[PDB]
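Consider the single chain below, provided in structure tokens and representing the form deposited in one PDB entry.
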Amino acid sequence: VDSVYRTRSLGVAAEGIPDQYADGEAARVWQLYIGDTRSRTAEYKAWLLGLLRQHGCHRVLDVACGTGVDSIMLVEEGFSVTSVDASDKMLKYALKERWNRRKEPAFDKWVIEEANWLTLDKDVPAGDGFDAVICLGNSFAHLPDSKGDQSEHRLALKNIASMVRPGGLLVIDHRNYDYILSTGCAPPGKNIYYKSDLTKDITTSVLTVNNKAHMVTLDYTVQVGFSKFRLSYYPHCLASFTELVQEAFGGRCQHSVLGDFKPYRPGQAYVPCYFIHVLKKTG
């Protein structure tokens, strides 16, 4: 009596017709948000390039490839890059760019593939390991804790850490969720990786379950009239993440925290938008 019926199953497609909700308002306005990245900050570039040159890295794995913007730079700067993402929607933009530039030998040798953090061991050939593995742009926080024990968090980290060769580097960030939690507000335009050329009003929703933060949902609105879209994030605190990320290497690592590209010292006056963890695999 109350059952519903589909034209087609969730997840499938068909020639000649747009994929499910691919042409909706939300998906359209979101396509502008992810395209709002042709102003990478000079400060972000310098710091990441400086880091990788400083540690002598050549083979880099980017495990949160997205549209490919971090990976593209590294391709242009002569690294040997493998880029990997779980989301085909975003990966589409990276593959596209590679194709458009396929006649430059550097882009011809750029490796791009689907992989999931939770099955990364199987999804990616790592050999002895990569010189550096990167997970920037606050992407790790997209993985929620559905199981309730952060077991998916630990598995993802362990798998990501296991890509790093001995003496190699893991660079991984998250946004300053300590601040967001205590103020309830996630201010817009504070992306220090890329300067936004796109105006945003953002509503911030924090969900706390049994007295433990569980989820932060941002509702983005853009002018047109005006239309909105929504994304959600797990709010990692610095102290918890610091513990999780080291656990990932079974304690065998050197660890340090940057705040917006500079050394961080707890109780320092400057409250950074982002924490970046840098980990040298000690074995």
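Just so we're on the same page, rigid core means the largest C-alpha set that superposes within 1.5 Å between forms. Numbers follow the displayed sequence, beginning with 1.
In what follows, reference is made to the form deposited in another entry, a form of this protein that is not presented.
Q31 is the only residue from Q31, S240, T217, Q254 whose Cα shifts by 2 Å or more between the shown form and the other one, the rigid core being superposed. The distance between the CA atoms of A26 and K89 is at least 3 Å shorter in the other form than in the form shown here. Relative to this form, the distance between the C-alpha atoms of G35 and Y93 is increased by at least 3 angstroms in the other form.
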